[PDB]
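# Observations on chain architecture
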Amino acid sequence: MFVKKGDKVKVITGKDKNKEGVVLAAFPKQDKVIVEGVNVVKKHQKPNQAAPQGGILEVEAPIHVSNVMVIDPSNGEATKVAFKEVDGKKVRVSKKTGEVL
RNA sequence: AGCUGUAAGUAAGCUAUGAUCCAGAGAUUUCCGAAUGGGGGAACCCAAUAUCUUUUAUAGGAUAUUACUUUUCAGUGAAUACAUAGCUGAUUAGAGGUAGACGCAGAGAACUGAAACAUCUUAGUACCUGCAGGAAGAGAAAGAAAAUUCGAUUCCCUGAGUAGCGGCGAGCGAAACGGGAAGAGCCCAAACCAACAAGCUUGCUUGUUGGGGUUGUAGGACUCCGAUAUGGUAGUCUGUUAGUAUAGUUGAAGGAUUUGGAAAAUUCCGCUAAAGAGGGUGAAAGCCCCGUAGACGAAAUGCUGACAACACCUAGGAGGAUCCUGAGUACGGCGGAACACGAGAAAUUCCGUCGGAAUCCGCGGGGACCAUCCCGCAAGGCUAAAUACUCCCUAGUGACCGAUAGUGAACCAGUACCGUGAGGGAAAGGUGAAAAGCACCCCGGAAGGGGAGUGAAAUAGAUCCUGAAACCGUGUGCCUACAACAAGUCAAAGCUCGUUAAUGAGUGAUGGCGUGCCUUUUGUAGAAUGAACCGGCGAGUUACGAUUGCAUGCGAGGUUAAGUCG
RNA sequence: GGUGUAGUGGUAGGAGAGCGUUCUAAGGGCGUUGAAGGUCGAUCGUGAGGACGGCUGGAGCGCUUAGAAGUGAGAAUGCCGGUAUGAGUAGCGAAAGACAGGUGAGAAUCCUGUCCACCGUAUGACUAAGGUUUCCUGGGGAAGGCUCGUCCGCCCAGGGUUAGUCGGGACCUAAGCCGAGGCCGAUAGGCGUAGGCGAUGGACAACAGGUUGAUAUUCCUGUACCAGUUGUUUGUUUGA
RNA sequence: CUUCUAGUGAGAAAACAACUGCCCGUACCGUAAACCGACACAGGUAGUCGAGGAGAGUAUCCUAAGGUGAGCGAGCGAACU
RNA sequence: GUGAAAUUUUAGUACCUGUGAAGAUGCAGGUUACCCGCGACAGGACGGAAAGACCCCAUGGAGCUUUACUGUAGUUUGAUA
């Protein structure tokens, strides 16, 4: 999906613009992604098997995948991603000076 | 790099030793149904014969085989002796469905038009039945014509609403010449000659296989010599490659600022294009995501070319003694039909019935019939393309619809529902960017509500976008219990307000005048006709011809049709 | 442009010139600092009609010039939908109940009792069609029930039907039906022989009692019967 | 079912014991609120059983075994039907 | 307690004598009459329900008759195979 489940990522659009975080889960075929600490939401649960005291709880919500950008692990600036011919495990070979991501 | 459909919810698991997913080839495939071992009220019931299994044994389980017809071969076989009916067995093919389409045949209406109706029209249309094919049908002159000819069939333009047909009425309605798309030709019978069998006429009569031979400028046989080579195919599940359909790969270029919950919007300053087609993203993006222009790719299976093999087919010149060239056929009388042609002066082509030729010194046609001239050679077979149609699969397109529209059906629709049955047949789309879908408290059995919270917004709370009218309520400024009112209009005191600012707005005691709307009628308030009310839908259009007015281009001239490239 | 003079009721019907709706092209524009749509106003033009302002609303839409049309609604005893009036009106589908006590948020209507009343060749018991889960147990009360409801043939969750001998098949045939060959006939097909299907009839071996919340000639107890199978108890000529 | 022969055709009669015996239906309503009548509808629905007194009787009235009080009520006690 | 229907242009819906498509709640001139209901009766609303079944028309249908026209199945008689 051009973004994987273990991955550091920066946010382009939507109220968390400029935040970073490690990807938490990938949902292909709906093209969304959960990022750590990024789209916090407040629910209201009644007691059930998990947390028999259901308070007002807060977890992340999935954002759309094109609101996101990969970060080169070694250098730290967000990059568009391209594919090139290494010994034939084709990996995302970063733009912005041809390094492996 | 995630995954176990819709589909939430939980429980158990799988995957970097490559899941899930995608394309080619395989394997498995209960029962009904042509249904085919026998039966039957479809999805059930009951067997026979062999091999194998459970049991000490019977009962029980499994696997194969077993319809009918045809067409080939053996065995058995008889009223009736020889053998043919028959019977048993082995072999060969059919059988049913559909694409509510397109084709060729058999049989074959009516309402309707003729301002009635019989001939005629509707119309050889609708319906029913047979046979197909990927196309069918037609197709290689017993032809079209009229001097000077041309050469198989089909389709389009034109000829032309002409020549004709017709209770000569309503109406029906050609063809050839001329211009184009596509183009292609072939095989038998007969005479004769051999091999075999029967009649052994031991005459050569019957036949079976092979050869020869295919036409009108007449051709062949037959006798004479030449040659014994050369031109082609509408052929094969044979090889060699080339492409192609069915998965995929890669693919340029942006940040800050203002307003917002959120920018793709605004303002600055950049970059990219063989890519500014389109879709998505919290609002409107060439530069965020999927793509696009361009470049690349197939283990397997199927298609289409090309070139190779293999299979088939194809010769001249002369002679004119004799033989061959499709018989109950052509044709004629009688009765019907088909030809645009309704018996007509009726040629041509078919069907039923009866009669019935000739043989190259011949036979047919040129719209009754004859003579002369001209063009052909029936009574045997096959054949690509140019033309018709779309159940279905891929890729797209639209001065086509947008939930009473568009399919009957945007949603679990040929469904619910209705009918014994054949058959008839609907209604019903939209929270939000994201479920963040209201934890906790209070009234109440609950339903429902009020706070508090989510959220940019809840009067976006699931009967959830917007939220019109009929219709039902609550509150108020002004009027109303001596008054006969198609309900308004003109005149007007009092009270209450204060506008798109101008000769202001609401209500109104009291006074004059005044019999709705539509349709059809000589004529309507009509006791003539229609409407409960509100909302939606609901009626002179298009194709091809003919005529007139206006307008433009050419002008004694004007203009192209089918078709070809695009 | 001025000025004079003359004219300007109208059904059938002829002629002219315009208003508004949707879509296409080209040009110039607007929009989350809020488009279309909805609602209100005391505004403009000779008419169809055009603006501007408030409130609502949340994503698209005007203007100019030309083009194309499923282009305008008050009426068809029109079609579909929604809602009125008649009106809190007719009716609530033959019949005897009363009281005490239970349950419950709530009782004329549900439960338990007592007395009273109704049918009794049926309004009692069993069965073939037909229906198809309506049967039993535990919960429920939004709709169905002509009132009510704590109740139910309603709704949710679980559960119930046991055969050598009963009724049907592995037995028989009636009417009628089907029919290998056959005979007839534009097609399709019509009839019919051998042989079959087809009960409402023929044939054919088990009874009495007990037991569940729901089955009993089916389960259990006792005592039987029918058809087979295994074991231990003479010449297929035929007198076996 | 019972006889008689024709008939491929070792030798089966009957004692005890113990074994074998398949498929379909089977709940519940059924003179009814469960079937046919659009309805929890004063209609229709084959067959067997169907008691007592008085009576010829399955008539008639009252009852036995069994079943039932019928799915809108409380008042008033006019016209009229 | 529950809860319909046929109907309906809008209605603040009197009487007499006239007028008028010639029999008026609504038009003229008069006469009478405070506002809103309940139980009853049927004179009027040419009352509701059914685009007259009576009568005539459409160069409308359909069923029937016959010495109306034109045909035909069936029966019969001749020629010919």
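Residue labels reflect position in each chain's written sequence, counted from 1, rather than necessarily the entry's numbering. Residues lacking coordinates are not shown. Here every chain gets a letter starting at A, and every ligand a number starting at 1, in the order they are written. Reported values pertain to the displayed chains only, which are themselves part of a larger assembly. Excluding hydrogens and water, the side-chain figures rest on all heavy atoms present in the structure.

Method of determination, as annotated in the archive: cryo-EM, at 2.9 Å resolution.

Threshold: UniProt positions are given in the numbering used here, feature names are shortened, and annotations may be inferred rather than shown by experiment.
The PDB entry annotates chain A as 50S ribosomal protein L24 originating from Enterococcus faecalis OG1RF. Per UniProt, chain A has the following entry under Sequence similarities (unreviewed entry): "Belongs to the universal ribosomal protein uL24 family." Its UniProt record gives chain A a comment under Subunit (unreviewed entry), which states: "Part of the 50S ribosomal subunit."

## Notes on the UniProt feature "domain: KOW" (unreviewed entry) in chain A
As a reminder, the rule being used: Secondary structure elements follow DSSP: runs of H or I of four or more residues count as helices, runs of E of two or more count as strands, with numbering from the N terminus.
Here the UniProt feature "domain: KOW" (unreviewed entry) sits at residues 2–29. Structurally, residues 2–29 is divided into 0% helix and 43% strand, and its ends, taken at the C-alpha atoms, are 13 Å apart.

## Focus on the pairing of strand β2 (residues 20–27)
Put simply, the test is: Paired strands, in this sense, are two strands between which DSSP finds at least two bridges.
Pairing analysis gives three bridges linking strand β1 (residues 8–11) to β2, with the strands arranged antiparallel. Opposite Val9, over in β2, you have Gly21 as the bridge partner. Count of turn residues in the β2/strand β3 (residues 32–35) antiparallel hairpin: four residues, of which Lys29 carries a positive phi of about 75°.

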